[PDB]
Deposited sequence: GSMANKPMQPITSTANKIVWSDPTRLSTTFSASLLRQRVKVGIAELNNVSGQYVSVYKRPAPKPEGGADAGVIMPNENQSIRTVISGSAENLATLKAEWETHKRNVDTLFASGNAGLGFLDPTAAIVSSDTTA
């Protein structure tokens, strides 16, 4: 079946790029990065802000469906921050992708997991 439509960078700065669908210009994904020295008791924190926007017809006006993720941790521990992102997705999936959290309701019995293993 079909490939996903490619998006093109429309604004491009060292620290922030905005991609949009050239045939649906309201569809956007942007990435903005902030690197900062932090003393922990000497690391370089990177805070990455990732934002997806889609304009969706109400079943007439469009609503803004938006997803904003911020990932924040030292570059030095980027290996484990990757594992944190994996587990974050998995835990979000549990509630929203295959649960009812997108309807506004939490499942108290959801199997939420750490990045650590037994």
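Comparing the deposited sequence with the modelled residues, the stretches lacking C-alpha coordinates are 1, 43-44, 63-73, 133.
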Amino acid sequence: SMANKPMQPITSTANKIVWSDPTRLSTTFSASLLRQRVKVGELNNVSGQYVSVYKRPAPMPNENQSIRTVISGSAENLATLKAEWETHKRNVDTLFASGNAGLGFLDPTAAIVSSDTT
From here on, numbers count along this sequence of modelled residues.
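Stretches 1-9 and 108-116 differ in mean C-alpha B factor, with the higher average recorded for 1-9. Stretch comparison (84-92 versus 27-35) by mean CA B-factor in the PDB entry places 27-35 on top.
Of the candidates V18, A97, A14, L103, it is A14 whose Cα B-factor is highest according to the PDB record. For the set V70, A58, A75, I67, the PDB entry assigns the largest Cα B-factor to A58. When the CA B factors of the chain's modelled residues are split into thirds, the value for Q49 lands in the lowest one.
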